[PDB]
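FYI, in UniProt numbering the residues of the sequence shown are 9 to 13, 18 to 20, 28 to 59, 61 to 117, 120 to 162, 176 to 211, 221 to 248, 259 to 288. Beta carbons are placed, not taken as given, at the ideal position from N, Cα and C, and that holds for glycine. One structure is given below, encoded as structure tokens.
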Amino acid sequence: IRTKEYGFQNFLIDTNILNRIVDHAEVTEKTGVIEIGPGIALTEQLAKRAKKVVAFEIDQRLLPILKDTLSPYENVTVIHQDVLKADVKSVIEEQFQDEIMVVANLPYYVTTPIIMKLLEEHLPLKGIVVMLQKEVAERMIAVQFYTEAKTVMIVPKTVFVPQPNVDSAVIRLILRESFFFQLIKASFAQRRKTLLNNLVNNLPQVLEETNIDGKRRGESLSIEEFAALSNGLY
Numbered sequence: 009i010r011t012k013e018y019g020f028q029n030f031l032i033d034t035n036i037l038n039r040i041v042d043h044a045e046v047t048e049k050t051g052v053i054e055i056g057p058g059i061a062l063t064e065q066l067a068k069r070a071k072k073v074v075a076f077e078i079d080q081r082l083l084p085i086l087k088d089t090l091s092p093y094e095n096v097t098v099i100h101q102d103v104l105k106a107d108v109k110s111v112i113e114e115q116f117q120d121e122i123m124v125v126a127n128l129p130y131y132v133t134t135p136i137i138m139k140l141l142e143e144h145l146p147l148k149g150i151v152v153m154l155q156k157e158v159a160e161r162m176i177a178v179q180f181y182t183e184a185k186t187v188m189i190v191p192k193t194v195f196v197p198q199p200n201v202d203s204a205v206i207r208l209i210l211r221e222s223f224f225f226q227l228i229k230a231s232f233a234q235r236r237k238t239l240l241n242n243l244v245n246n247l248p259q260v261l262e263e264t265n266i267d268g269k270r271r272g273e274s275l276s277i278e279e280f281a282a283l284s285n286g287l288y
């Protein structure tokens, strides 16, 4: 608990876990890493076993803190951009000679968009680990198309500084015609209303079901089922 002063965003405490996290990253002196939402903590113990680290933070307030926190470590560069509106393909060419494994600490609201954006441009990563709440992880998986997931290692409230009420979890995601991605966007518009309604918020009429109820809703359809529909007229 070196976490002094500034003002008392909530943070971790013991390294006990952090190298377990880092353990669940396929991390080496060979691999690089794209840290998102650093605070400071993760990034320090992360810098002590990685090739290079690339921290991403929109919060200005943290940079004079990271000015001296994680200053001593020399394989760290804290780029200051909105990760969502970021130039991360361009920063890979700019900072990694290399396997890459993004580690990310993001809140529910934007966390699901971000993971998409990283994946979405076919970027060359080993995998995408993310710390989220206990509830949300157990929920198993928005797109298992780009990658298949494992909710490995739980993380308790009792290793945090404000001590959030609900315990959290970590989730690693190693990766391995397509208007499909326009389809899932179109099918989820109203969210609550029927499939008729959602595919009349979509580009342009006739459509026989391939073993699938009309009035059935978006959040039901299995991931393989959702491919079959896309093969209407791509």
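For residue 276, the closest C-alpha among the options 233, 176 and 140 is that of 176. With contacts defined as CB atoms closer than 8 Å, residue 74 and residue 54 qualify as a contacting pair.
Between the C-alpha atoms of residue 261 and residue 144 there is a straight-line separation of about 31 Å. Each residue's CA atom was taken as its position, placing residue 29 and residue 95 some 25 Å apart. Listed in chain order, the non-local C-beta contacts of residue 109 below 7 Å within the same chain comprise 143 and 145, local neighbours out to five positions each way being set aside.
Within a 10 Å sphere around the beta-carbon of residue 140 sit 16 or more other beta-carbons, which makes this residue buried.
Counted as a single uninterrupted DSSP element, the alpha helix (DSSP H) harbouring residue 231 occupies residues 224-231. Judged by DSSP secondary structure, residue 276 falls outside any alpha helix (DSSP H); it is assigned neither H nor E.
The distance from the Cβ of residue 192 to that of residue 201 is about 7 Å, consistent with a contact at the 8 Å cut-off. The criterion of a C-beta distance shorter than 8 Å is not satisfied by residue 57 and residue 31.
One alpha carbon belongs to residue 210, the other to residue 278, and they sit about 18 Å apart. For the pair residue 221 and residue 241, the Cα-to-Cα distance works out to about 24 Å. In the DSSP annotation of this structure, residue 28 is not part of any alpha helix (DSSP H), being labelled neither H nor E. Here residue 70 is not near residue 103, since their CB atoms are 8 Å or more apart. Residue environment for residue 245: exposed (fewer than 16 other C-beta atoms within 10 angstroms of its C-beta). In the structure shown, the three-state DSSP call for residue 116 is coil. Distance from the CA of residue 284 to the CA of residue 271, rounded to the nearest whole angstrom, comes to 16 Å. Looking at the DSSP output, residue 149 sits in a beta bridge with 123 and 209. Residue 106 sits in coil when the DSSP states are folded into three classes, being neither helix nor strand. DSSP lists 52 and 96 as the beta-bridge partner residues of residue 73. Residue 91 is classed as exposed because its beta carbon has fewer than 16 other beta carbons within 10 Å across all chains shown. Residue 203 is bridged by DSSP to 155 and 190. Residue environment analysis places residue 150 among the buried positions, since at least 16 neighbouring C-beta atoms fall within 10 angstroms of its C-beta.
In the structure shown, residue 183 adopts extended strand secondary structure according to DSSP, grouped into three states.
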